[PDB]
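Working notes, structure below.
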Amino acid sequence: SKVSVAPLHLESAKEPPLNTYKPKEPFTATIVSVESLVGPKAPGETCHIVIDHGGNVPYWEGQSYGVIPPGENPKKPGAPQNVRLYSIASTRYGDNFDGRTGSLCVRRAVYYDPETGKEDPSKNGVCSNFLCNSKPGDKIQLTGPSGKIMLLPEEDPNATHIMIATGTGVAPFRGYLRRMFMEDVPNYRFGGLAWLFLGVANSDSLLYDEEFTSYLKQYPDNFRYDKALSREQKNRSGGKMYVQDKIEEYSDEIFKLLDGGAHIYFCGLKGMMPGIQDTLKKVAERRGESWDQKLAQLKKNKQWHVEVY
Ligand SMILES: Cc1cc2nc3c(=O)[nH]c(=O)nc-3n(C[C@H](O)[C@H](O)[C@H](O)COP(=O)(O)OP(=O)(O)OC[C@H]3O[C@@H](n4cnc5c(N)ncnc54)[C@H](O)[C@@H]3O)c2cc1C
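Adding 1008 to a residue's 1-based position in the sequence shown gives its number in the deposited numbering.
Dropping the structure here:
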């Protein structure tokens, strides 16, 4: 049974909001909560941040918020810090189902000397640590929203959406899937196939796993979910198990879905992409197809959606 969301006037806009707040005059939002998403064996912390924007900074699923961390820009004296962008991990209604909050999925960027292993906090990532160090009531300078690459194509409510994430790249897909399955959105009744592939380092590094597993039990004919755990699993050619390796386990199903018009999405750190391309090229070759020609047609058909960073 789908969760009631409000206010339904968030469905009325026909275009996504863009640059509602700009860096020189951000919106001062308020932290609701910060929690770690990961267990003790995870190589680093990733946190879920809930931000009260008061309904002043609405967005569509797949967009990003900008955050301006405090302090001076180290490269421009007297100037504010540069915006850092974060894929929004919530639906437009947010985790409180009220249209007032949005959420981020933030990996702490921590510096370690490559030899001594000693941490150096002075070289840690500024905005990511600022966010994961935040507490209820803290203020955040919010900009945006921005981005259109990862908007969800809703013209066909029975479309197929193949979602390929590593790490924090799961963020837009958390939003897609809540809109598809969790929330009572009368004007978007999804009856297609949503297929999430997620690569992380180990079980303790999984993000939102209980939520995704719940969809398998609630929507077994509309949702599929496959995981790759790089430090705990090995591919058939015995490298570490990466998200491209799990795609290959479903080579024929995936290529048939693409040929049938499926959308495919990639999100996360950009290092995930060269290997995914290598696997797709090899899968195509085994089928007697040219991956170059296939990718050109997927791009021409607007089926190929990549936001990596
Ligand atoms: C569209 C988009 C969406 C994104 N979505 C997400 C998301 O959902 N989640 C997420 O976590 N990130 C996301 N990012 C990345 C995010 O914008 C930031 O780049 C990231 O959080 C790091 O920012 P920071 O301020 O913490 O690090 P910065 O302060 O910008 O530092 C960058 C890196 O340099 C390192 N560093 C700094 N000084 C030194 C030094 N002297 N020597 C060596 N190393 C040094 C830091 O440790 C860090 O790793 C996204 C990016 C884009 C473009």
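Virtual Cβ for every residue (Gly too), placed ideally from N, Cα, C.
Verify the contact flag: residue i, CB atom, against every heavy atom of ligand 1, threshold strictly below 7 Å.
| i | result |
| --- | --- |
| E1123 | no |
| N1137 | yes |
| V1114 | yes |
| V1134 | yes |
| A1179 | yes |
| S1095 | yes |
| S1098 | no |
| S1111 | no |
| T1174 | no |
| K1156 | no |
| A1304 | no |
| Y1317 | yes |
| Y1119 | yes |
| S1072 | yes |
| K1084 | no |
| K1278 | no |
| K1131 | yes |
| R1092 | yes |
Can you check which of these residues, the options, is closest to residue i by C-alpha distance?
| i | options | result |
| --- | --- | --- |
| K1310 | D1060, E1163, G1133 | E1163 |
| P1129 | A1117, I1255, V1075, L1204 | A1117 |
| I1172 | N1027, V1314, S1020, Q1305 | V1314 |
| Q1149 | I1059, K1126, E1218 | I1059 |
| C1140 | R1244, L1045, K1022 | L1045 |
| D1121 | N1132, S1111, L1112, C1113 | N1132 |
| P1015 | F1263, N1243, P1194, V1075 | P1194 |
| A1179 | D1103, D1212, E1261, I1096 | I1096 |
| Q1071 | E1023, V1042, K1248 | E1023 |
| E1219 | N1166, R1182, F1274 | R1182 |
| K1032 | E1127, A1087, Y1196 | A1087 |
| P1051 | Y1119, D1217, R1197, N1081 | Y1119 |
| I1272 | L1159, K1248, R1244, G1125 | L1159 |
| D1212 | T1124, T1054, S1020, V1013 | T1054 |
Excluding the five sequence neighbours on either side, which residues of its own chain have a C-beta within less than 7 Å of the C-beta of residue i, listed in chain order?
| i | result |
| --- | --- |
| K1030 | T1151 |
| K1302 | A1292 |
| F1231 | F1189, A1202, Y1223, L1224 |
| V1011 | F1105, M1190, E1191, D1192 |
| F1035 | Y1029, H1061, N1064, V1065, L1150 |
| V1040 | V1058, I1059, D1060, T1109, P1144 |
| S1298 | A1292 |
| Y1227 | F1189 |
Quick test of your reading: residue i and residue j, contact by CB under 8 Å. State the CB separation rounded to the nearest angstrom.
| i | j | result |
| --- | --- | --- |
| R1100 | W1068 | 6 Å |
| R1115 | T1168 | Actually they do not touch by this definition, with Cβ atoms about 29 Å apart. |
| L1026 | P1153 | 7 Å |
| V1316 | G1269 | Not really, about 23 Å apart at Cβ, beyond 8 Å. |
| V1042 | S1136 | Actually they are not in contact, since the Cβ atoms of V1042 and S1136 sit about 12 Å apart, beyond 8 Å. |
Can you name the residues that DSSP bridges to residue i?
| i | result |
| --- | --- |
| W1203 | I1170, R1232 |
| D1060 | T1038, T1109 |
| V1011 | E1191 |
| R1115 | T1054 |
| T1151 | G1074 |
| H1313 | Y1273 |
| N1081 | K1084 |
| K1242 | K1248 |
| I1096 | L1112 |
Short of 6 Å in beta carbon distance, which residues of its chain neighbour residue i, apart from the five on each side in sequence? Order them along the chain.
| i | result |
| --- | --- |
| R1239 | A1209, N1210 |
| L1266 | none |
| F1138 | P1077 |
| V1134 | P1077 |
| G1074 | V1091, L1093, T1151, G1152 |
| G1200 | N1166, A1167, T1168 |
| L1288 | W1299 |
Got a sec? Which residues, its chain only, sit under 8 Å from residue i by beta carbon, not counting five neighbours each side?
| i | result |
| --- | --- |
| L1018 | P1066, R1100, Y1101, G1107 |
| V1251 | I1172, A1173, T1174, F1205, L1206, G1207, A1236, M1280, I1284 |
| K1147 | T1036, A1037, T1038, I1039 |
| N1081 | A1087, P1088, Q1089, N1090 |
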